[PDB]
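Next up: just one chain, as structure tokens, the form deposited in one PDB entry.
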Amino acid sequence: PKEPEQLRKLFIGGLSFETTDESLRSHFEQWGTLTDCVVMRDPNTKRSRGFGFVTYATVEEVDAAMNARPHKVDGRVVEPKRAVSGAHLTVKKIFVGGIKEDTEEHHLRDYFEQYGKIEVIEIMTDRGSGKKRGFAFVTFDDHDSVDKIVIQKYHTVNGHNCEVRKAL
């Protein structure tokens, strides 16, 4: 059973205009089997549009590629991002709801630290009473953590089924 193709794709921005399907593939095949690899080009001039995409055989291979950033492809540092879940909302912060009053910082840290490096955990409290409001924000050092988090169907933290969204 293969993972949905959308979850196996990486949009690669910032390409050198000299990058080709072949050189993009030769680069990204270091981290997994590529089922597709395309440089976007103008339909008339064939000049590169400066971005492209690669599709790996598995999600674990996407993770491997993202963990190997920064990627310097044909002399230029590129910007890989997972496919949208059609514009990417590139953020480093999530809202975590449904955590009730008994969820503490270590619950959120022990879970979310496996998605990425955490910089801030903010457990929301009531401005008047100080009581926990049942939601939190987690800020990571990089957007890929958030991208991995929000495409999961479920998040279980401190026994609670949590609702997690990108936060601006």
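Residues carry their position along the shown sequence, with the first being 1.
Q: Among the other compared PDB entries, is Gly86 dropped in a third or more?
A: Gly86: unmodelled in at least a third of the other compared entries.
Q: Counting only residues from the deposited sequence, how many are left out of the model between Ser85 and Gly86 (none, 1 to 3, 4 to 9, 10 or more)?
A: 4 to 9 residues lack coordinates between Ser85 and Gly86.
Q: Would you tell me which stretch averages the higher CA B-factor in the PDB entry, 93-101 or 74-82?
A: Mean CA B-factor is higher for 93-101.
Q: Look over 54-62 and 130-138 in the entry and identify the one with the greater average Cα temperature factor.
A: Of 130-138 and 54-62, the stretch with the higher C-alpha B-factor average is 130-138.
Q: Between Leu10, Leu24, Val157, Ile149, which one tops the list for C-alpha B-factor in the PDB entry?
A: Out of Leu10, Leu24, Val157, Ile149, the record gives the largest C-alpha B-factor to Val157.
Q: Give the position of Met40 by CA B-factor within its chain, expressed as the lowest, middle or highest third.
A: Ranked within chain, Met40 CA B lands in the lowest tercile.
Q: Using the B-factor values recorded in the entry, state whether the Cα atom of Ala68 falls in the lowest, middle or highest third among the modelled residues of its chain.
A: For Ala68, whose C-alpha B-factor we compare with every modelled residue in the chain, the answer is the lowest third.
Q: Per the entry's values, where does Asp110 land by CA temperature factor relative to the rest of its chain, in the lowest, middle or highest third?
A: For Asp110, whose C-alpha B-factor we compare with every modelled residue in the chain, the answer is the highest third.
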